[PDB]
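Read the single chain below, which is given as structure tokens and is the form deposited in one PDB entry.
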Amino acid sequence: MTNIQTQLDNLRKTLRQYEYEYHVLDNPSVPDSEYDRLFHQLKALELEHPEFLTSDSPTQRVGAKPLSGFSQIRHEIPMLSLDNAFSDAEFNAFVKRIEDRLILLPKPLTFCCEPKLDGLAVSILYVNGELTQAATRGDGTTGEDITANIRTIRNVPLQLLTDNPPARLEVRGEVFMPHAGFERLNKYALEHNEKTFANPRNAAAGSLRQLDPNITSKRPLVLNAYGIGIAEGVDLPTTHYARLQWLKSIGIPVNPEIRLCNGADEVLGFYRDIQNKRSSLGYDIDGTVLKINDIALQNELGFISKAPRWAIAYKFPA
């Protein structure tokens, strides 16, 4: 044991706690100046004592050497697409189809309702708590290595916030750029002759495709986790909301506007409440993503492969 290895560990633990509070809780216990005082106190010391520097330290978010092309990554568990509804009557028909397709319909049919961010789908792996690999969605089967670019996102933890993290946990989420960040960026490109971005979706996509993390660092990107992929060494809850609540408690950013709605009548109330809030969110939203909250019912219903909406195989019973 030494006083400096004790100081480094203390600073790291504090700075991660301050980052959880600022980014995930939206409730920092200290001013930004305090957070920064300790940030460069740590950074200075790691450089004065290189032997005690760790790859997941809050000061090592940015890789100094720019990359020379992205590498392909075959996703273990596939990244699926989403079905879409464009009306109250169309949404109610999708529910009635599930109501019959199920073996037993519970009296309250609970749904985890969330806003649909206009963002880029990614998959982030965490091995024994620390971030080792990040990748784009791509076609769903294959994507690209955006690890050094995901590492630069201030609200993405480099280390999960738990003493017993799982063996391997894949966090699935959408990268996006909020309005303030988007407006600040286009002023800078205008003040320093360079291309401006059309809308926040394109700025985020363009920032993620950068091969120099130092550019990405300057881009004001943000993550919001929507699901889970690989889950080794853990017993994930039996509802989607609770799995989301669980990610929030281990250090991952999740959208605060997520709610549970019992049946289509309540779900339509949520869709309407978010449609009026569109004007005061601080980020873009295409709509609402609605999901069957019970995971057993999700595994009962299942998926549907690339297939027409104009054809159906109405099968016979035994």
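Rigid core (definition): largest C-alpha set, two forms, superposition within 1.5 Å. Numbering starts at 1 and follows the sequence shown. Shifts are known only where both forms have a C-alpha.
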| request: Mind pulling up the entry and telling me whether 274-282 or 246-254 has the higher mean Cα temperature factor? | output: 274-282
| remark: As the entry reports it, the stretch among 158-166 and 237-245 with higher mean C-alpha B factor is 158-166
| note | Entry record, C-alpha B-factors for 175, 180, 171, 79; the maximum is at 79
| query | If you compare 136, 199, 224, 217, which has the highest Cα B-factor in the entry? | reply | 136
| query | In terms of the chain's CA B-factor thirds, is residue 267 lowest, middle or highest? | reply | middle
| query | Where does residue 305 sit by CA temperature factor within its chain: lowest, middle or highest third? | reply | highest
| field | residue 203 by Cα B-factor - lowest, middle or highest third of the modelled chain | value | middle
| Going by what the PDB entry lists, where does residue 149 fall on CA B-factor within its chain: lowest, middle or highest third? | middle
| request: Tell me, lowest, middle or highest third: where does the Cα B factor of residue 70 rank within its chain? | output: highest
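There is also a form deposited in another entry; it is not shown, and the following applies to it.
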| field | Rigid core superposed: residue 308 CA moves 2 Å or more between the shown form and the other one | value | yes
| Compared with this form, is the residue 100-residue 313 Cα separation smaller or larger in the other form, the difference being 3 Å or more? | farther
| If the CA atoms of residue 307 and residue 81 move by 3 Å or more in the other form, do they move toward each other or away, so closer or farther than here? | closer
| request: Just list the residue ranges, at least 3 long, where Cα displacement is 2 Å or more throughout between the shown form and the other one after aligning on the core. | output: 306-318
